[PDB]
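Asker: One structure, as structure tokens, below. Some questions next.
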Amino acid sequence: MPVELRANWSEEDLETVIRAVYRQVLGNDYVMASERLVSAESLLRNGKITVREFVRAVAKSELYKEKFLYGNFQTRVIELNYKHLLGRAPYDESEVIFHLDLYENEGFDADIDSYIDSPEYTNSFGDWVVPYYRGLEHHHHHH
């Protein structure tokens with residue numbers, strides 16, 4: 001079931017949204033891992049910023065150099081972001097290579113912003129929708 005923020009929302013629905021995007025760490029009740037976007041929370045809860053922009057805030061909220069970077073592979077990290085922020089995995093090596101080049105040009109911060117302003121992904125996959133696992137079923141043309 002896709003998580004979406006509708007214009008006619010109840011707080012319980014939004015509570016579901018924010019908890020889906022926020023990084024619920026292995027600590028049950030420690031109010032996240034020092035992850036506090038008080039401005040993003042209030043702006044989103046007022047329906048002023050989009051889920052896209054909220055994704056930005058959460059993705060780079062705390063020091064992103066946690067495990068998936070030096071204790072992982074850049075290719076794998078990109079796939080993680082791709083599947084977590086766009087809800088889908090890359091189609092070819094080219095997407096990964098593009099993001100690798102971007103990571104070298106500006107870094108991980110800019111990598112994140114790429115998943116936001118992406119025009120076709122926003123309109124088609126979800127603008128006020130929270131990235132869910134969108135399994136792309138391999139097909140034989142249309143026959």
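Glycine also receives a Cβ, built like all others from the backbone with ideal geometry; neighbour counts cover every protein chain displayed. Rule-based calculations on the coordinates, nothing more; no lab input.
Asker: Roughly what would the spin-label model give for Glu93 and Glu4, points 7 Å off Cα along C-beta, in nm?
Answerer: Inter-label distance under the simple model: 3.8 nm.
Asker: Let me ask something else about it. Between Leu63 and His139, what's the calculated FRET efficiency when r is the beta-carbon distance and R0 is 41 Å? Round to 0.05. List each step's numbers first, then the result.
Answerer: Numbers: r = 41 Å, r/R0 = 1.00.
That pair, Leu63 with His139, gives E of 0.50.
Asker: Between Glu53 and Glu11, what FRET efficiency comes out of the Förster formula 1/(1 + (r/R0)^6) with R0 = 22 Å and r the beta carbon distance, rounded to 0.05?
Answerer: Details: r = 20 Å, r/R0 = 0.90.
Plugging the Cβ-Cβ distance into 1/(1 + (r/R0)^6) gives 0.65.
Asker: With each pseudo-label sitting 7 Å past Cα toward Cβ, what's the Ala110-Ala20 distance in nm, one decimal?
Answerer: Distance between label points: 3.1 nm.
Asker: Rounded to the nearest 0.05, what FRET efficiency do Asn46 and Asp117 have when you use their Cβ-Cβ distance and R0 = 30 Å?
Answerer: On the way: r = 22 Å, r/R0 = 0.74.
So, using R0 = 30 Å, E works out to roughly 0.85.
Asker: Here's a follow-up. Distance between the C-alpha centers of segment 31-57 and segment 81-96? Whole Å please.
Answerer: 24 Å
Asker: Oh, and also: Could you work out the helix-only [θ] at 222 nm for the chain, with each DSSP H run of four or more residues adding -39,500 (n - 2.57) and the total divided by the number of residues, to the nearest 500 deg cm²/dmol?
Answerer: -13500 deg cm²/dmol
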